Every structure is written in structure tokens, then in C-alpha cells.
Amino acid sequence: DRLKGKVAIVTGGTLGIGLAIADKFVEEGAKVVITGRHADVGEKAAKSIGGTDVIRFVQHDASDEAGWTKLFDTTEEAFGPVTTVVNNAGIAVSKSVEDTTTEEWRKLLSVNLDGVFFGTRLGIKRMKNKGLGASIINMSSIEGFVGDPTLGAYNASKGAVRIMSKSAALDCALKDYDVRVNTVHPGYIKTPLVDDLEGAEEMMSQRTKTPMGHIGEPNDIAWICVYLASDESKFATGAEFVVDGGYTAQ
């Protein structure tokens, strides 16, 4: 089991990429707490993967600062000390910078930027200096590397996550905290939410977008996250792991 003994929090773990991360983490021997905003969805998601000896759902909005210390406490009471934090919760807004309202701006940043900050900051405090082989995996995207004219606030959030993560990685390395911090950058990934938007997959699959001529699937992101959570990646910190069908290569 590649994640033997690991205890992971996966935010936004009830859907899509986060759900697949949680699934493969359990498959590789980790104990997992998945979070999400909606109880019915989250309860169903946890049970689809396993029983409560390996996976539990906690209702939590990643933008909710006070709930973060309670999420660590709940996870530790269930499974023992947290070793792995996957800051995956996020939302998107389909607006250019020009057309973004301040309400849209602040709401998106509250989840995509503050949530990652809260999970990274608290993960460092709670995991440092414990010999855990701890790993913080911050979900950026291709929109952390390149602009999209229709994703202005999303681009801001993903660029922030990209570079903030390097700061955290360096501090943890320099202080011998035994915590690594890295970013994962999905390209387009097929999910029910993509399926719900008529024409989206076909636009994303055009060769001028994704050179492979199709989009990915959630397990494509789960497998790079297994590598980064595992001790196999003990010399990887401060780096960016791109799984995008070639999007950023052209």
C-alpha cells in the first residue's frame, strides 16, 4: 500500500477530482476525511468509497476559517495525526476580469485562495516536526500558468496558489519541518459538472485547447496526488505537477 499509515484531509472531496483522490488514497492504504458543503452529497460520497474505519465525510466550507481547527480535530480523533492535506475545494466564475463583479471576485477568492491559505497554514502548524512525512498538495490548474480571457478571478486565485505554495515549501524545507508543499495543475477533466454544460467537453477537446483531442478523467489527478502524498516523493517540494493533455505545452 503506497500510502500506508497516511491520514489525509481532502477538501472538496465529495465530487469530481477530490472524490477520485479520496478513492485512490483509500485504495493505497490511507485513512481519509473528505469535506464538502452539502451533507447528502458528502454522506453518499464517503459510503461509495468505504466504511468509517477508512473514510468519513465532514461538512465544511474551506472558506470557513474557524471550522479548519475543528476539521483537524475531528480527523485526528477518528484516525490519529493528520499527515496529508489536499486543498482541492474550489469554485469557478465565467467572467473576464473586465466583467467580474466585486461580489464574484471576493466569493471566488474566499474559497480558492483563502481556503488554500487556511489549509496550508494550519497543515504546517499541525503536521510539522512529527516525523510524519507530511505532504500538502495544493490544487492549482492550467489557469495557474496561462490566462483564459473568460476566467479572470479564477486565474488570479490559481496564480496565487502556485506561488504561495513555493513560499510554504521553502519555509518548511529550511526549518526541517518534515512537511512538503507542491501544486497540481489539472487541465480539463471530465466530471458531471462538465457534462451538465452543453458543448463544454467538445470545446475543451479541440486540438487548439487540448492537443490530445479529448479531456482527462478524475483518476488522472488522483494518481499524481498519490505520488505526492507518498514517501516516494520525499525530495519533491515547491514544484508544479501538470496533467493537462498538452494544453500548456503549446
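Residue numbers run from 1 along the displayed sequence.
- Once the C-alpha B-factors are averaged per stretch, 190 to 198 and 29 to 37 rank with 190 to 198 first.
- Here the stretch with the larger average CA B-factor, out of 142 to 150 and 88 to 96, is 88 to 96.
- In this entry, the residue among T74, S135, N155, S167 with the greatest C-alpha B factor is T74.
- The top Cα temperature factor in the record, among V181, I49, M212, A222, falls on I49.
- When the modelled residues of the chain are ordered by their C-alpha B factor, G238 lands in the lowest third.
- For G123, the recorded CA B-factor ranks within the lowest third of the chain. Only modelled residues enter the ranking.
- Looking at the C-alpha B-factors along this chain, the one for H185 belongs to the lowest third.
- Per-chain ranking of the deposited C-alpha B factor places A8 in the lowest third.
- When all modelled residues of the chain are sorted by CA temperature factor, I163 is found within the lowest third.
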